[PDB]
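Here's the structure we're looking at; comments come further down.
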Amino acid sequence: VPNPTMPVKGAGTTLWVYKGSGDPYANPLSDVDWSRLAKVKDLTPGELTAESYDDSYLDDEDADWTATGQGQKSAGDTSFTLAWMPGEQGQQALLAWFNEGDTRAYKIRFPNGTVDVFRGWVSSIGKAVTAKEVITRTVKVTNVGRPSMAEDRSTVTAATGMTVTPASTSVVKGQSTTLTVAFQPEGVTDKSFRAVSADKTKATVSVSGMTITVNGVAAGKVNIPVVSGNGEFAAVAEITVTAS
Amino acid sequence: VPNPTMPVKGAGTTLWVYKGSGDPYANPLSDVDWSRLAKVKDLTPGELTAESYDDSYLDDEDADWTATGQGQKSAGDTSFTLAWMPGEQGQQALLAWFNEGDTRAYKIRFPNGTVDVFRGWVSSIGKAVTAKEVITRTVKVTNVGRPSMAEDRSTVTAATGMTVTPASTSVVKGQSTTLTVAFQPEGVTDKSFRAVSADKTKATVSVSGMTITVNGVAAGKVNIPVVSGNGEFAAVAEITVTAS
Amino acid sequence: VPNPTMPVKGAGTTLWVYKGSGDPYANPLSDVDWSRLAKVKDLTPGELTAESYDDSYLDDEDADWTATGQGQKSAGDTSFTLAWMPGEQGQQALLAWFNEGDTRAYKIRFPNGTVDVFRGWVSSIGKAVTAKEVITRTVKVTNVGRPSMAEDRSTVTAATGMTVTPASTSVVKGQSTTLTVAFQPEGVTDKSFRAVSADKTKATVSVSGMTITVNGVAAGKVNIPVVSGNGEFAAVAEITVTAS
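Protein chains in written order, with full-length UniProt numbering: chain A, 3 to 246; chain B, 3 to 246; chain C, 3 to 246.
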């Protein structure tokens, strides 16, 4: 249904702020570590610009027509207003973003499956208060550096399938077993995953570089659920732990 | 019932000025040492803004784009127009506040149980005389220092109040079972989750209304993983589907 | 049928960008090495402008008025807003053209058989998101050098293809006689004429429908001179009017 080669109606556009660590430009399709800013009244994305450089000399024969070239670009000033909910995270995190000069990353997800991720700092925090109308919070973010347009991530293989094969063996205290995850639907993929223990007590799990290490902290039958990327697919594995 | 996590309609917003001698930011909720500015025609809260600081150098590898940082923050000016009642206290106090030019504190009480408290000096006093419409006094206050927004005194709770209890029964074709999630770490919670199946072939999942619904499309044993927040907590449910 | 000598309604104007390696001004009509920018919401062509140059001296006799001359010409900037299709070629090419900053050629094909060709660099890339309305990408291209207007490749013919044949008969009172003129020097000609009588008393003349008409108000021999263009060609007609 989402066709990036046909015009879209604009309804359903979504805003997120990178609350995690690492490279936000790498895999922006996944929603992991992206806090959503809900109840967006309106959004005006930033406009990439360019300054003009005067490229004229005295030796240049004739000067009837001006000659110019591209200069600095300076993407900036993405603004938006959303419903005012002072006690909800993402809006509190927004004021935290304003209160220091942090240059954080934020992404705009469009209804046609494309993402535009910018990176900037908050330069304006306003509020409009009128009767018989919901109080709105208005934000403006000055963008720094080169952004990541949706015209760059034009590959998208869509994945659609993974498997999780665990050891599923008893593990003695102090030893780490390795879980296997296959995320190769014909090889090329554009998604990540995270695994989190369902009890957090009998075992401790760690996912890094596709490597899943599970340690049998306490005896029992621990269940490790894994969810891929934003959460299109998931799986459940079991690991026994023996007291001996 | 005020709810800071839901949008509010702005009607009923009140304006107060500090006539006490303590710390205005200490207990803004209490209206003990505050004078209400009654009969406010309309209000426009001050807008927080920060200027841009150039953060570029001659030896910077890349210049094709501008590098900037957040500079000095300002609290703007709050402007409110209220009915002219010169004979009442509160307007004489406002006129004296403008007249002797001291930096006083004031606050805005929204229909949310929250309050935004600023500190500033009156930079404009105006009037509007016109027949058939009430005489309105318009005031502009330039804010100084750092404001104490309603996001400052909000509270977040992450006391591990996540629990999951499924139907834990045998579901049939054409009928969906329900799974309940408890999110009460002493009642107050601020975190959400995401629940999905493990294969999406034996059972189809749907999360709504603080609840999970599982449709037994195919017989067998199916696994439903749930992950809370950013992967701090998880749960695994087992659902058996029979032939009928 | 396109007709450059008659006004056109502007619907169907197409935008193209040069992806070849030849001379863009050589054969603009051929769309061989050109890629179309489809789904153009609206277009604003660049405006040619030239600044003023003060052409006055101290020893100038008269100075009650200002003497100025044409200075340096600029081609302005062409701004077009078109539907956002990030996944299609042509918009990715546009984004790369903005990003790497070279001066590329483009053209506008009017519903006239004519075409305007410009050379410039993209100085602005924008977007507009709003519900119930298509997402639009807005582009601004600053033009450089001398542009190639559609008037550059127009052709004029003055091959002396003027001929005049009257009815050369006897006209009566109350009846009007016709006279024909040929302007076909192999077909193409843009030079007009003017036809009138020599006394306007024996016969009254009227030119319309690319045809002369003579009303025989009075009997006798009357002379009708016709002059083509700026006096390069002429013809003389003799018309006899009888008593009846």
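C-beta: ideal position from N, C-alpha, C; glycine also.
I think residue 137(A) touches residue 112(B), with their Cβ atoms under 8 Å apart; what is that distance to the nearest whole Å?
-> The Cβ separation is near 7 Å, so the contact holds.
Apart from the five residues just before and just after residue 126(C), which ones in its own chain have a Cβ nearer than 6 Å to its Cβ?
-> 142
Does the distance from the C-beta atom of residue 8(C) to that of residue 40(C) stay below 9 Å?
-> no
Expected contact under 8 Å - CB spacing of residue 167(B) and residue 182(B) to nearest Å | 5 Å
Where residue 99(C) sits in the DSSP three-state scheme = helix
Anything in chain B within Cβ reach of residue 210(A), meaning under 9 Å, just list it in chain order.
-> What residue 210(A) touches in chain B: nothing, since even the nearest Cβ is about 13 Å away.
Below 7 Å CB to CB, which residues in the same chain sit around residue 75(A) once its five sequence neighbours on both sides are set aside?
-> Cβ within range, chain order: 50, 51, 52.
For residue 126(A), which beta-bridge partners are listed by DSSP?
-> 142(A), 51(B)
Check whether the region 14-22 of chain B touches the region 230-243 of chain A, taking contact to mean three or more Cβ pairs, one atom from each stretch, closer than 8 Å.
-> no
Would you say residue 126(C) reaches chain A, if we count a Cβ-Cβ gap shorter than 9 Å as a contact?
-> yes
Pull out every residue of the region 34-60 of chain B whose Cβ sits closer than 9 Å to any Cβ of chain A, in chain order.
-> If the cut-off is 9 Å between Cβ atoms, the region 34-60 of chain B has 44, 45, 46, 47, 48, 49, 50, 51, 52, 53, 54, 55, 57 near chain A.
Alpha carbon to alpha carbon, what distance is there between residue 36(A) and residue 185(B)?
-> 22 Å
Does the beta carbon of residue 158(C) fall short of 8 Å from some heavy atom of the ligand MN?
-> For the ligand MN, the structure offers nothing, since it holds no ligand at all.
With burial defined as no fewer than 16 other Cβ atoms inside 10 Å of the residue's Cβ, what is the status of residue 212(C): buried or exposed?
-> exposed
When the distance is taken between beta carbons, is residue 79(B) closer than 9 Å to residue 29(B)?
-> no
Beta carbon of residue 228(A), beta carbon of residue 196(A): below 9 Å?
-> Less than 9 Å separates the beta-carbon of residue 228(A) from that of residue 196(A).
CB residue 149(B) to CB residue 131(A), shorter than 9 Å?
-> no
Residue 57(C) versus residue 63(A): straight-line alpha-carbon distance, rounded = 22 Å
So, does the CB of residue 25(A) fall closer than 9 Å to a CB anywhere in chain B?
-> no
Top-ranked residue by Cα proximity to residue 193(C), from 175(C), 171(C), 232(C) = 232(C)
Who are the Cβ neighbours of residue 174(C) in its own chain at under 8 Å, not counting the five residues just before and after it?
-> 218, 243, 244, 246
Take residue 214(A) and list the residues in its own chain whose beta-carbon comes closer than 6 Å to its own, dropping the five residues that flank it on each side.
-> 181, 197
Please name the residues in the region 63-80 of chain A whose beta-carbon is closer than 9 Å to at least one beta-carbon of chain C, in chain order.
-> 65, 66, 67, 68, 69, 70, 71, 72, 73, 75, 77
Taking 9 Å as the CB-CB cut-off, is residue 260(C) touching chain A?
-> Because chain C spans 3 through 246 in this model, residue 260(C) falls outside it and cannot be assessed.
In whole angstroms, what separates the C-alpha of residue 22(B) from that of residue 5(B)?
-> 29 Å
Are any of the Cβ atoms in chain C nearer than 9 Å to that of residue 241(A)?
-> Among the CB atoms of chain C, none fall inside 9 Å of the CB of residue 241(A).
How many whole angstroms separate the CB atoms of residue 31(A) and residue 151(B), which I take to be in contact at a CB cut-off of 8 Å?
-> The pair is not a contact, with the Cβ atoms about 33 Å apart (cut-off 8 Å).
Short CB-CB distance (under 9 Å) between residue 186(C) and chain A = no
Check the C-beta distance from residue 72(A) over to residue 89(C) and give it rounded, since I have them as a contact under 8 Å.
-> So it is not a contact: roughly 26 Å between Cβ atoms.
From the beta carbon of residue 220(B), is the nearest beta carbon of chain A less than 9 Å away?
-> no
Within chain A, the residues that residue 97(C) reaches when beta carbons sit closer than 7 Å = 151, 153
Rounded to whole angstroms, how far is the Cβ of residue 85(C) from the Cβ of residue 19(C), which I believe are closer than 8 Å?
-> The pair is not a contact, with the Cβ atoms about 16 Å apart (cut-off 8 Å).
Using a beta-carbon distance below 9 Å, is residue 11(A) in contact with chain C?
-> yes
In chain order, what residues of the same chain have a beta carbon less than 6 Å from the beta carbon of residue 109(A), not counting five sequence neighbours either side?
-> Answer for residue 109(A): 18, 30, 117, 119, listed in chain order.
Go through its chain and collect everything with a Cβ distance to residue 170(A)'s Cβ below 6 Å, but skip five positions before and after it.
-> 240
Buried versus exposed, by CB contacts within 10 Å (16 or more), residue 199(A) = buried
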